[PDB]
Amino acid sequence: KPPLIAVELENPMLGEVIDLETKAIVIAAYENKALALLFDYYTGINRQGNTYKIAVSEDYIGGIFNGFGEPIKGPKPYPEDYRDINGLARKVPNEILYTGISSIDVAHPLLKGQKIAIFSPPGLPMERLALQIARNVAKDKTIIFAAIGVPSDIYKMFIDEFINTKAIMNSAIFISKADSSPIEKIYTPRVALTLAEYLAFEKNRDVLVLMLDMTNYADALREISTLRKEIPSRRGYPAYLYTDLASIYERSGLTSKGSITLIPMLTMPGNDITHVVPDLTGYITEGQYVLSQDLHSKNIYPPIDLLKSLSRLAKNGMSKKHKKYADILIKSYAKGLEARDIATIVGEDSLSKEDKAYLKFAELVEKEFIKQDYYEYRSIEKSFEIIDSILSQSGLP
Ligand SMILES: [Mg+2]
């Protein structure tokens, strides 16, 4: 089970013990919405409770909702059914979900039903990257956006961007503000994944769930667990953080019916990848895309670090040719970065003709391959022909 349960409850009382089918303690509430913790994560009576449920329907698509599933902008969706927002055979993913982004599609392609994170240093345009992915996929697949405890700036960027894009026409957005309740933030991914499960596994669709910012989410857990002194901590957060995150990320995958592709996006607190949030997320997920502070400084958008990014399922969906291009790109980019480091000490003149070719390759890759216009969609073939071109200009083969 999830250690943290979204329960529905009239007049919830802090620390009351509710009977579900196990038992659990109420640790937070907002109106009739409550969060109950299992005892296996408690160091310390009755009443009965229901799991929190929402209407599910395809009418959610095109709408905008808060973290509770309540509409903000748009009508109440026609309830076609009710689903427990806590959730409940799987196949191994083998088809690439193309993003139309070269830095992703070639070396680290994403597969339908994969869970893979994005890690961003503080200040980098992770949110725009989210939007760009959403636009490029919404043309083909249904997007569910789970925006967790986002600030007013961002908040307005999401609303305005999606609406005006007409990406909204094949998207649903579940969004909580930064000044909203911790419980609404914690509810947000759950409500989002609940609709996703419904659209994927009951309506036979391929959906893509973008979820950010996981660090805000963890911080919401830390906020409620703060004044409750019988909830133990590990690494500055509640000890149930690992199992809670796994219970969220594992609500994704591939079946004979549909697929949920999940991309949890997070800020690494001090640009520190060993922080507990990135550390656990990357432990659970099938790789992650890492954003480069260095590329950002060079005014490169999408600032995707080619060598630190990793898609563990990528090879299972790549053709012979695709693996070839992926291999050369990474190997040579890495080689060029070496050459670059040598050059910072002895100059480009002191480089072998080999190292000069790699240095040239890496420079071109940064400028013509990774660097991509927000509104540009690159087919995989296009992306290949960029590499073909760059290979030619560098004089390798
Ligand atoms: Mg940031």
# chains A, B, ... in the order shown; residues from 1 in each chain; ligands from 1
>>> residues_around(residues="residue A:56", least_positions_apart="3", cutoff="7 Å", atoms="only C-alpha atoms", output="VMD selection string")
chain A and resid 79 to 83 195 198
>>> write_last_selection(atoms="C-alpha atoms", output="compact mmCIF listing (two decimals), in the first residue's frame")
# COMPACT_ATOMS: atom_id res chain seq x y z
CA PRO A 79 -18.65 11.97 -14.44
CA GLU A 80 -18.52 8.76 -16.42
CA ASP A 81 -17.15 6.91 -13.39
CA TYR A 82 -15.48 7.31 -9.96
CA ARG A 83 -11.93 6.34 -9.18
CA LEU A 195 -7.20 10.39 -14.75
CA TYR A 198 -8.49 5.91 -16.59
>>> residues_around(residues="residue A:7", least_positions_apart="5", cutoff="12 Å", atoms="only C-alpha atoms", output="ChimeraX atom specification")
/A:2,12,17-20,23-37,48-54,68,84-86,183,187,190
>>> residues_near_ligand(ligand="ligand 1", cutoff="9 Å", atoms="only C-alpha atoms and all ligand atoms", output="count of residues only")
13
>>> closest_residue(among="A:302, A:221, A:71, A:119", to="residue A:374", atoms="only C-alpha atoms")
A:302
>>> closest_residue(among="A:369, A:174, A:42, A:158", to="residue A:70", atoms="only C-alpha atoms")
A:174
>>> select_by_dssp(residues="stretch 111-216 of chain A", states="strand (DSSP E)", output="short mmCIF file (atom, residue, chain, number, x, y, z; two decimals) with N, CA and C atoms, in the first residue's frame")
data_model
loop_
_atom_site.label_atom_id
_atom_site.label_comp_id
_atom_site.auth_asym_id
_atom_site.auth_seq_id
_atom_site.Cartn_x
_atom_site.Cartn_y
_atom_site.Cartn_z
N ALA A 117 13.14 10.74 -15.34
CA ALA A 117 13.07 12.06 -14.71
C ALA A 117 13.79 13.12 -15.50
N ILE A 118 13.51 14.38 -15.16
CA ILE A 118 14.34 15.49 -15.59
C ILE A 118 14.87 16.18 -14.32
N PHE A 119 16.19 16.31 -14.24
CA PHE A 119 16.84 17.01 -13.12
C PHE A 119 17.35 18.36 -13.59
N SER A 120 16.94 19.42 -12.90
CA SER A 120 17.39 20.76 -13.27
C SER A 120 18.09 21.47 -12.14
N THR A 142 -2.24 12.15 -25.70
CA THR A 142 -2.86 12.97 -24.67
C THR A 142 -1.87 13.31 -23.54
N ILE A 143 -1.78 14.60 -23.23
CA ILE A 143 -0.91 15.08 -22.15
C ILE A 143 -1.69 15.33 -20.85
N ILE A 144 -1.18 14.80 -19.74
CA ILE A 144 -1.67 15.21 -18.43
C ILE A 144 -0.56 15.94 -17.68
N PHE A 145 -0.83 17.20 -17.35
CA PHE A 145 0.12 18.07 -16.67
C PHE A 145 -0.20 18.14 -15.20
N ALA A 146 0.76 17.73 -14.39
CA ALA A 146 0.61 17.85 -12.95
C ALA A 146 1.63 18.87 -12.44
N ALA A 147 1.17 20.11 -12.24
CA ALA A 147 2.02 21.19 -11.76
C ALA A 147 1.84 21.38 -10.25
N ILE A 148 2.90 21.12 -9.51
CA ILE A 148 2.81 21.02 -8.06
C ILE A 148 3.43 22.22 -7.36
N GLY A 149 2.57 23.02 -6.72
CA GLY A 149 3.00 24.13 -5.88
C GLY A 149 3.85 25.13 -6.63
N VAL A 150 3.45 25.41 -7.86
CA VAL A 150 4.15 26.38 -8.71
C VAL A 150 3.80 27.84 -8.37
N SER A 171 -4.93 18.11 -23.87
CA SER A 171 -4.27 18.08 -22.56
C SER A 171 -5.24 18.30 -21.40
N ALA A 172 -4.86 17.83 -20.23
CA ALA A 172 -5.56 18.18 -19.00
C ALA A 172 -4.52 18.72 -18.05
N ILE A 173 -4.88 19.75 -17.29
CA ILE A 173 -3.92 20.34 -16.38
C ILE A 173 -4.44 20.35 -14.97
N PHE A 174 -3.66 19.74 -14.08
CA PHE A 174 -3.96 19.74 -12.67
C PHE A 174 -2.87 20.56 -12.03
N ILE A 175 -3.24 21.69 -11.44
CA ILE A 175 -2.25 22.65 -10.99
C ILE A 175 -2.59 23.25 -9.63
N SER A 176 -1.62 23.20 -8.73
CA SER A 176 -1.73 23.85 -7.43
C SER A 176 -0.70 25.00 -7.34
N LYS A 177 -1.08 26.12 -6.72
CA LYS A 177 -0.17 27.25 -6.52
C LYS A 177 0.75 27.06 -5.32
N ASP A 206 -2.50 6.09 -25.22
CA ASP A 206 -1.15 6.37 -24.77
C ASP A 206 -1.09 7.79 -24.24
N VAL A 207 -0.91 7.91 -22.93
CA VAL A 207 -0.84 9.22 -22.34
C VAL A 207 0.57 9.51 -21.85
N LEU A 208 0.89 10.80 -21.80
CA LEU A 208 2.15 11.28 -21.28
C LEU A 208 1.87 12.22 -20.10
N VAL A 209 2.31 11.81 -18.91
CA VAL A 209 2.14 12.61 -17.70
C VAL A 209 3.42 13.40 -17.37
N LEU A 210 3.35 14.71 -17.46
CA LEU A 210 4.47 15.55 -17.06
C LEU A 210 4.15 16.03 -15.65
N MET A 211 5.12 15.87 -14.77
CA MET A 211 4.90 16.15 -13.36
C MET A 211 6.07 16.94 -12.80
N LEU A 212 5.78 18.15 -12.32
CA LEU A 212 6.78 19.05 -11.74
C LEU A 212 6.09 19.99 -10.75
#
>>> residues_around(residues="residue A:59", least_positions_apart="3", cutoff="8 Å", atoms="only C-alpha atoms", output="PyMOL selection string")
chain A and resi 62-63+77-78
>>> write_last_selection(atoms="N, CA, C and O atoms", output="PDB file, in the first residue's frame")
ATOM      1  N   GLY A  62      -8.887  19.293 -22.092  1.00  0.00           N
ATOM      2  CA  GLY A  62      -9.218  20.644 -22.493  1.00  0.00           C
ATOM      3  C   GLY A  62      -9.455  21.537 -21.297  1.00  0.00           C
ATOM      4  O   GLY A  62      -9.563  22.751 -21.443  1.00  0.00           O
ATOM      5  N   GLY A  63      -9.534  20.936 -20.112  1.00  0.00           N
ATOM      6  CA  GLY A  63      -9.823  21.690 -18.905  1.00  0.00           C
ATOM      7  C   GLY A  63      -8.611  22.037 -18.058  1.00  0.00           C
ATOM      8  O   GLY A  63      -7.496  21.589 -18.321  1.00  0.00           O
ATOM      9  N   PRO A  77     -16.543  18.250 -15.475  1.00  0.00           N
ATOM     10  CA  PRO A  77     -16.545  17.154 -16.445  1.00  0.00           C
ATOM     11  C   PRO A  77     -17.705  16.220 -16.143  1.00  0.00           C
ATOM     12  O   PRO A  77     -18.076  16.070 -14.972  1.00  0.00           O
ATOM     13  N   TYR A  78     -18.263  15.618 -17.189  1.00  0.00           N
ATOM     14  CA  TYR A  78     -19.317  14.635 -17.043  1.00  0.00           C
ATOM     15  C   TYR A  78     -18.785  13.406 -16.369  1.00  0.00           C
ATOM     16  O   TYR A  78     -18.000  12.694 -16.964  1.00  0.00           O
TER      17      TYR A  78
END
>>> closest_residue(among="A:287, A:244, A:275, A:205", to="residue A:311", atoms="only C-alpha atoms")
A:287
>>> closest_residue(among="A:47, A:115, A:222, A:367", to="residue A:288", atoms="only C-alpha atoms")
A:115
>>> select_by_dssp(residues="stretch 209-343 of chain A", states="helix (DSSP H, G or I)", output="ChimeraX atom specification")
/A:214-226,241-249,276-284,293-297,314-316,320-343
>>> closest_residue(among="A:13, A:358, A:382, A:4", to="residue A:397", atoms="only C-alpha atoms")
A:358
>>> residues_around(residues="residue A:257", least_positions_apart="6", cutoff="10 Å", atoms="only C-alpha atoms", output="list in words")
residues 89, 200, 201, 202, 203, 204, 205 and 206 of chain A
>>> residues_around(residues="residue A:98", least_positions_apart="3", cutoff="10 Å", atoms="only C-alpha atoms", output="PyMOL selection string")
chain A and resi 95+101-102+104-106+109-112+133+136-137+140+378-380
>>> decode(residues="stretch 54-145 of chain A", atoms="C-alpha atoms", output="short mmCIF file (atom, residue, chain, number, x, y, z; two decimals), in the first residue's frame")
data_model
loop_
_atom_site.label_atom_id
_atom_site.label_comp_id
_atom_site.auth_asym_id
_atom_site.auth_seq_id
_atom_site.Cartn_x
_atom_site.Cartn_y
_atom_site.Cartn_z
CA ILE A 54 -12.89 11.75 -8.15
CA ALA A 55 -15.08 11.66 -11.21
CA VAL A 56 -13.13 10.50 -14.30
CA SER A 57 -14.14 11.34 -17.85
CA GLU A 58 -12.67 12.41 -21.16
CA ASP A 59 -14.25 15.81 -20.47
CA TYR A 60 -11.21 16.56 -18.33
CA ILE A 61 -9.29 16.96 -21.60
CA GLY A 62 -9.22 20.64 -22.49
CA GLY A 63 -9.82 21.69 -18.91
CA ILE A 64 -7.79 23.20 -16.10
CA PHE A 65 -8.10 21.98 -12.53
CA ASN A 66 -6.64 22.48 -9.09
CA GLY A 67 -4.78 19.77 -7.16
CA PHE A 68 -8.11 18.39 -5.90
CA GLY A 69 -9.51 17.82 -9.37
CA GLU A 70 -11.90 20.76 -9.05
CA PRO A 71 -12.19 22.84 -12.27
CA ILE A 72 -10.67 26.32 -12.29
CA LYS A 73 -11.07 27.32 -15.95
CA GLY A 74 -13.74 25.17 -17.66
CA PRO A 75 -16.92 23.14 -16.84
CA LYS A 76 -17.40 20.22 -14.37
CA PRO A 77 -16.55 17.15 -16.45
CA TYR A 78 -19.32 14.64 -17.04
CA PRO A 79 -18.65 11.97 -14.44
CA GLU A 80 -18.52 8.76 -16.42
CA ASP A 81 -17.15 6.91 -13.39
CA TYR A 82 -15.48 7.31 -9.96
CA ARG A 83 -11.93 6.34 -9.18
CA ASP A 84 -9.88 6.05 -5.99
CA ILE A 85 -7.02 8.53 -6.36
CA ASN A 86 -4.68 6.21 -4.48
CA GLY A 87 -4.74 3.60 -7.28
CA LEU A 88 -4.52 -0.18 -6.80
CA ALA A 89 -0.41 -6.96 -16.53
CA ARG A 90 2.71 -4.88 -17.24
CA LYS A 91 4.87 -5.25 -20.36
CA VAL A 92 8.39 -4.02 -21.04
CA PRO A 93 8.34 -0.80 -23.16
CA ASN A 94 9.67 -1.13 -26.72
CA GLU A 95 8.35 1.80 -28.78
CA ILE A 96 9.97 5.24 -28.83
CA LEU A 97 7.80 8.21 -27.90
CA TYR A 98 9.31 10.95 -30.05
CA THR A 99 9.66 14.38 -28.44
CA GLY A 100 10.89 16.15 -31.57
CA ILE A 101 13.86 17.26 -29.47
CA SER A 102 17.25 16.13 -30.86
CA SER A 103 19.16 16.11 -27.55
CA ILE A 104 16.60 13.57 -26.37
CA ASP A 105 15.41 11.60 -29.41
CA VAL A 106 18.80 10.40 -30.66
CA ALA A 107 21.03 9.46 -27.72
CA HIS A 108 18.46 9.05 -24.94
CA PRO A 109 15.09 8.36 -26.51
CA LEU A 110 12.08 7.94 -24.28
CA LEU A 111 9.83 4.87 -24.58
CA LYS A 112 6.03 4.59 -24.24
CA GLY A 113 5.33 3.46 -20.71
CA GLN A 114 8.73 4.47 -19.40
CA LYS A 115 9.26 6.52 -16.24
CA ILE A 116 12.21 8.90 -16.61
CA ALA A 117 13.07 12.06 -14.71
CA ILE A 118 14.34 15.49 -15.59
CA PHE A 119 16.84 17.01 -13.12
CA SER A 120 17.39 20.76 -13.27
CA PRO A 121 19.88 22.99 -11.49
CA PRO A 122 18.13 25.97 -9.80
CA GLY A 123 17.23 28.74 -12.25
CA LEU A 124 17.32 26.69 -15.45
CA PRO A 125 14.32 26.67 -17.87
CA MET A 126 12.93 23.27 -16.86
CA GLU A 127 9.36 24.60 -17.11
CA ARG A 128 9.74 25.74 -20.72
CA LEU A 129 11.27 22.38 -21.54
CA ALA A 130 8.14 20.79 -20.08
CA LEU A 131 5.94 22.93 -22.31
CA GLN A 132 8.02 22.17 -25.39
CA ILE A 133 7.68 18.44 -24.82
CA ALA A 134 3.93 18.82 -24.23
CA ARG A 135 3.36 20.81 -27.47
CA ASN A 136 5.36 18.34 -29.55
CA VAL A 137 3.55 15.29 -28.24
CA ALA A 138 -0.01 16.66 -27.86
CA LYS A 139 -0.16 16.45 -31.68
CA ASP A 140 -0.29 12.70 -31.28
CA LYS A 141 -0.87 11.76 -27.64
CA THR A 142 -2.86 12.97 -24.67
CA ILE A 143 -0.91 15.08 -22.15
CA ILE A 144 -1.67 15.21 -18.43
CA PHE A 145 0.12 18.07 -16.67
#
